[PDB]
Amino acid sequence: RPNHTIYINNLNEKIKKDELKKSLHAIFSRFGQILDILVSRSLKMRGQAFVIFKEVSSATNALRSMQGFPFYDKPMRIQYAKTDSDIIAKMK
């Protein structure tokens, strides 16, 4: 079910944390306001990224019209955040 944050995995693991951040924000800006974007290259949190929007309609729209997107020769796998992000929890 719809949520401000979207979970993206199947991301090219060879990509630097800085480059990936700026690239993600770029392809997801046309969808709405981006409060933040979490990326880690840990053992557990790599190949993935959380991307938070300010509006749920933005996220819902981003998921739908970006699924399987060829992001670094690897078709994205977007999904809704199972849980809510801290940024949003401590707010409303």
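Heads up: residue numbers just count along the shown sequence, starting at 1. Heads up, when I say rigid core I mean the largest set of C-alphas that superpose within 1.5 Å between the two forms.
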{"query": "Stretch departing more from the displayed form, 5-13 or 79-87, Cα RMS in 6 other deposited structures of this protein (core fit)", "finding": "79-87"}
{"query": "Residue range whose averaged C-alpha B-factor is higher in the record, 79-87 or 65-73", "finding": "79-87"}
{"query": "Stretch with the greater mean C-alpha B-factor as recorded in the entry, comparing 38-46 against 23-31", "finding": "38-46"}
{"query": "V56, C-alpha B-factor rank within chain (lowest, middle or highest third)", "finding": "highest"}
